[PDB]
Structure formats: C-alpha cells, structure tokens
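One chain is shown next in structure tokens, namely the form deposited in one PDB entry.
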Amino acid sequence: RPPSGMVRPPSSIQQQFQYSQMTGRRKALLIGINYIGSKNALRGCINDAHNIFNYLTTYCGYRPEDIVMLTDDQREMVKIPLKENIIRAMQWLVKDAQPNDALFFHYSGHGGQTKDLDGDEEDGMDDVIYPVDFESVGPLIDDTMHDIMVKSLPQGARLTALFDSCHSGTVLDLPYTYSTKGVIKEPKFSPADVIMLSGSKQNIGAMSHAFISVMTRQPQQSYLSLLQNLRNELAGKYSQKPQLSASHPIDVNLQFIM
C-alpha cells in the first residue's frame, strides 16, 4: 500500500495552513470512561487508553510526564474523567501550542449527539461525548471541543485525535472528511495540522486497536495506505468505516508520520 515515491508533508505554508514536521513537543491526553456502577456501564474503554498510552510511549516516543490519563477507575479525583477534568485536561494539551508540535488526543467512552443536518444554534454541535458525571452535568458537545482543542492551535501544530466512540464522526467540528468508500471527501479556518480518526458516520474501541496494529505491523504508511489498512483491519470483525477528518485539505499521498 505505501506509495512508490512518498515525500513527507511539505515543510512550508500551503493553500491557508501549514503541516507539522512531527518533531516538536509530543504531548497526549487519553480518556477512557467505563461508567462503573451505572446502568449504562461499559467494558474495555479504560483498557483502550492504556493501550494507546503504552503504544505512544514505545513506538512513538511519548514521555509519560507529557501524558494525562483520565479514567474513572483511578483513585485521584483530579484524574477522574469528570467534565471539568476533561475540559481542564484539554486546555492543558493545547496550552503553549507552537508550530510543528505532535499533540495526541484519545477518547474511549459513550458517543451520542443532539442532531442537526448542519451546525448552527445547535451551532456545529451534533456529535457529543459523555463524561462520567454526564447524568448530572450534561454532555460535552462538538462545539466546545472545537473552541478548546482546535482554535488555540497556531499554524503548523499537529493535533492527532483518535475516537473509539460511536456517533463521533464530526466530533471535533472538522471541515473536511476523508473516507474509503470510493475515496470520499466531505466538506473560519485554522492553519493547524489537525487530523482525527473515527468510525462510521455498537462495538466501541475498535478504531484504536486497529490503529496500533496497523502502525505496529507496518510503520511506514501514507494517509491513503493508513485508511485502506484500517478498513481491512476493521471490515473483518467490526462493521464501520474509518473516517479521517481534518481542518485543512490533505493531499492524501503524503507521508503520514506520527
């Protein structure tokens, strides 16, 4: 699947945005909510963040002191994926964002929405995620995750998001979307290098596990080769398609470097 002559993303302003040369500060915010005790409880979501954590540390050079992990089985009330905890942790990831950084975000939990064909008044806020205290604080909507994690990024900074949740296809309000059903593309900008993986638009945690295994068993991939490999990796055991959303047009033949 890798192209014959694959040139890494061009290290210059394009047309308005700029990519990341994936060498700057490598931070990660990892969220796994299992909703223990509740009548809508889940299993494996906490284990998913662990999987992303140690993969990021081993094959991606992410130091643990740069990684915040919110999981509800922890003991530290600061690290329990409460809404204020999730929000504050998102502000930290994006804080001091500079060109060419390698931020990573991961979420494994409940996805849903308050729907609308396109976003206004229900401004952009169709997709949502549920903090562990969502029953008494409300969900964390599509728009707020844009204002926090995308806007405060300057030109050149890469945020690499990964959603294992369902109904989270446009959960970062990303303008562009790339799929692999005949190579689909599906359209206030930001020059940052924001990309995101998600499924379909309920078996959860499929998208992270396919990603580690696609990137462990073949570390050299293009934006294109990634999506076919994820589709073969998913279409066997899980019914959903990979969706790489983005904040800018991506010539998918470039080298995806994480």
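Shifts are known only where both forms have a C-alpha. Each form is matched to the other, and the largest set of C-alpha atoms that superpose within 1.5 Å is called the rigid core. Position 1 is the first residue in the sequence shown; the rest follow in order.
One more form of this protein, deposited in another entry, exists but is not displayed; see below.
Core-aligned CA deviation for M77 between this form and the one not shown: less than 2 Å. When the rigid core is held fixed, the Cα atom of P139 travels less than 2 angstroms between this form and the one not shown.
Comparing the forms between this form and the one not shown, the C-alpha position of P99 differs by less than 2 angstroms, with the core used for superposition. In contrast to the form presented, in the other entry the C-alpha positions of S136 and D116 draw closer by 3 Å or more. Inter-residue distance, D116 to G138 (Cα): reduced by at least 3 Å in the other entry versus the depicted form. After superposing on the rigid core, the stretches of 3 or more consecutive residues whose C-alphas move by 2 Å or more between this form and the one not shown are 114-126, 166-170, 181-187.
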